[PDB]
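Next up is one chain by itself, shown in structure tokens, the form deposited in one PDB entry.
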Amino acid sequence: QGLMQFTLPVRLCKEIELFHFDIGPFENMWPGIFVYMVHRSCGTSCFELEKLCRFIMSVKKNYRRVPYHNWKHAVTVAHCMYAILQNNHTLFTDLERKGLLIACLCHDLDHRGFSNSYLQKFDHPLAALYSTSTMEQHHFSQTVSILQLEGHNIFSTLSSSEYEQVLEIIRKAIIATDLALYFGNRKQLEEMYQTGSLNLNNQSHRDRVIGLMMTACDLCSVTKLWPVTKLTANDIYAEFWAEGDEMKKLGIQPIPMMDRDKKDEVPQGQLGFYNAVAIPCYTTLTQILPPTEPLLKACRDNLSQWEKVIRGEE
């Protein structure tokens, strides 16, 4: 009865396999795109189509109308994870394929457009509930809520212990998108790869590798073609500046990336970000998963485009 196979137009069918695919401006195509990626990376029998569709639409409803941390970010992040899985298909378990696409879709659920810092300084109730990874623990709690709605248990064919494992994959993957945790996790993986101690059969080493994959997916907008990366940078900065305004309303001077008066210093901020965060991220990931090379290559090309802006040629 699974004779209803999802298909895409010719251009999308070919380009969705490229790391630098952009999912386009047609919101009503994104659910079909996510199902197609699930059917091909996981299998057409991983999920009941009616529960997956109900789940997908409840998740979309619980993302907010914000410039960057929105439904389009959720699907873009999931597509990057699709491209890593299809190009390293021998390395992951059945449960990891199931959990990771869902983790990426759900990873910024109910994002208001504010950092963990603003929530601490504002004394938001979520900061009292979750002392560290504040928004990330909230995103995970929102995932569990949606899964627990009538007709939304997309994992209903799994045993109790398998359900419990995949929810633990999703919880750790979502927490790993807290960039404050990425610095420590990348350092550990760097030393582990360089001393030849890294071991993909060690569950605590899998946890770290999947963490880094989540960081790489979450930043994958710096790995698109220049026009996409430049336009998407306006979207995140719109959020940065709005948080900066809110820091000023609390009588607190915002850090520089969040001050809308420091607009002319965006090219230098981007330079700072690519060298301190992005390049190291895709470098370490290319070492562990060599087929993820095109992410690093496109990150280097965009770093070069920011250097051309700072010299006044772009």
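The term rigid core refers to the most C-alpha atoms you can superpose between the two forms while keeping them within 1.5 Å. Residues that one form lacks are left out of the comparison. Each residue number is its position in the shown sequence, starting from 1.
FYI, the form deposited in another entry isn't displayed, but the following is about it.
Superposition on the rigid core between this form and the one not shown places the CA atom of residue 27 2 Å or more away from its counterpart.
The Cα position of residue 309 differs by less than 2 Å between this form and the one not shown after fitting on the rigid core. The pair residue 58 and residue 6 is tighter in the other form: their Cα-Cα distance falls by no less than 3 Å compared with this form. Regions that shift between this form and the one not shown, defined as runs of three or more consecutive residues whose CA atoms all move by 2 angstroms or more after core superposition, comprise 1-11, 24-28.
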